[PDB]
Amino acid sequence: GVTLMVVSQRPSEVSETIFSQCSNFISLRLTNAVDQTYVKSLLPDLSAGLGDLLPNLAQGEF
Amino acid sequence: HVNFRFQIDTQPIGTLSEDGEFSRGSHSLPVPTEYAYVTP
């Protein structure tokens with residue numbers, strides 16, 4: 001009966017196990033490359049374009 | 001040099017309106033045959 005909600009800003013240096021059990025993802029703006037790599041890997045349905053969209057989002061979008 | 005050819009690559013950052021703001025992030029796309037300018 002209890003659920004989590006994790007928030008971070010540098011997801012590379014975060015536990016591999018706490019994400020993988022997350023069933024939904026909200027991605028706002030991310031710039032640092034290594035972070036793009038990691039968040040692209042973990043997240044399945046992400047080809048090159050869905051990654052080319054992260055670093056150009058506006059303020060308030062997601 | 002073959003006349004000459006000069007190339008400049010670029011990566012977009014922002015969108016500057018006419019009123020004079022600076023909204024980060026550019027969801028637009030420029031079309032060819034269109035002009036460029038230097039930063040005053």
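- As recorded in the PDB header, cryo-EM is the method behind this entry, and the stated resolution is 3.76 Å.

Brief notes about the overall build of chain B
- Assigned secondary structure in chain B consists of 0 helices and 2 strands.
- The principal-axis extent of the C-alpha atoms belonging to chain B is close to 45 × 25 × 15 Å.
- For chain B, buried positions account for 5% of its 40 residues.
- Taken as a whole, chain B presents about 4700 Å² of accessible surface, with 56% of it coming from carbon and sulfur.

Things to note about the overall build of chain A
- Regarding its fold elements, chain A presents 3 helices and 0 strands.
- Counting from the amino terminus, chain A carries its helices and strands in the arrangement α-α-α.
- For the C-alpha atoms alone, the extent of chain A along its principal axes is close to 35 × 25 × 20 Å.
- The buried share of chain A, reckoned over its 62 residues, is 18%.
- Excluding contacts between residues fewer than 6 apart, the proportion of contacts in chain A whose partners are at least 24 apart in sequence is 55%.
- Total accessible area computed for chain A in this model is approximately 5100 Å², and 55% of it derives from carbon and sulfur atoms.

Topic: the interface of chain A and chain B
- Contacts between chain A and chain B engage 6 residues on the former and 4 residues on the latter.
- When the two sides are added together, the surface that chain A and chain B hide from each other amounts to roughly 410 Å², 46% of it contributed by carbon and sulfur.
- When the buried surface of chain A facing chain B is broken down by residue, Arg 29, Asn 56 and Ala 58 of chain A rank first, second and third, together holding 69% of it.
- The tally of links between chain A and chain B comes to 0 salt bridges.
- The tally of links from chain A across to chain B stands at 1 residue pair in polar contact.
- Across the side of chain A that touches chain B, the residue classes tally to 3 nonpolar, 1 polar and 2 charged.

With respect to the environment of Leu 4 of chain A
- By the secondary structure assignment, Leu 4 of chain A is in the segment before α1 (16–20).
- For the pair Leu 4 of chain A and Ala 33 of chain A, spaced 29 residues apart in sequence, the C-alpha separation works out to 27 Å.

A look at a nonpolar patch on the surface
- On the surface, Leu 4, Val 6 and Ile 18 of chain A cluster together into a nonpolar patch covering about 300 Å² of accessible area.
- Structurally, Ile 18 of chain A can be placed in helix α1.

Digging into the side chain of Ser 26 of chain B
- Residue position: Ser 26 of chain B is located in the segment after β2 (22–24).
- According to the relative accessible area criterion, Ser 26 of chain B is buried, its value standing at 17%.
- Not counting residues up to four positions away in its chain, the partners in contact with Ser 26 of chain B are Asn 56 of chain A together with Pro 12, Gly 14 and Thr 15 of chain B.

Criteria and cut-off values
- Residues numbered from 1 in each chain as written, not as in the entry; some residues may be left out.
- Chains lettered and ligands numbered in written order.
- Part of a larger assembly, values for the part shown.
- Heavy atoms only, no water.
- Helix = DSSP H or I, 4+ residues; strand = E, 2+ residues; numbered from the N terminus.
- Buried < 20%, exposed > 50% of the residue type's maximum accessible area, 1.4 Å probe, protein only.
- Areas by Shrake-Rupley, 256 points an atom, 1.4 Å probe, with all protein chains shown as cover.
- Contact = heavy atoms within 4.5 Å.
- Buried area = accessible area lost by both parts, 1.4 Å probe.
- Salt bridge = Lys/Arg side-chain N within 4 Å of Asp/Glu carboxyl O.
- Polar contact = N/O pair within 3.5 Å; in protein donor to acceptor, adjacent residues only side chain to side chain.
- Nonpolar A, V, L, I, M, F, W, Y, C, P; charged D, E, K, R; others polar.
- Patch = residues over 30% accessible without salt bridge, like charges linked within 9 Å, V, L, I, M, F, W, Y side chains within 5 Å.

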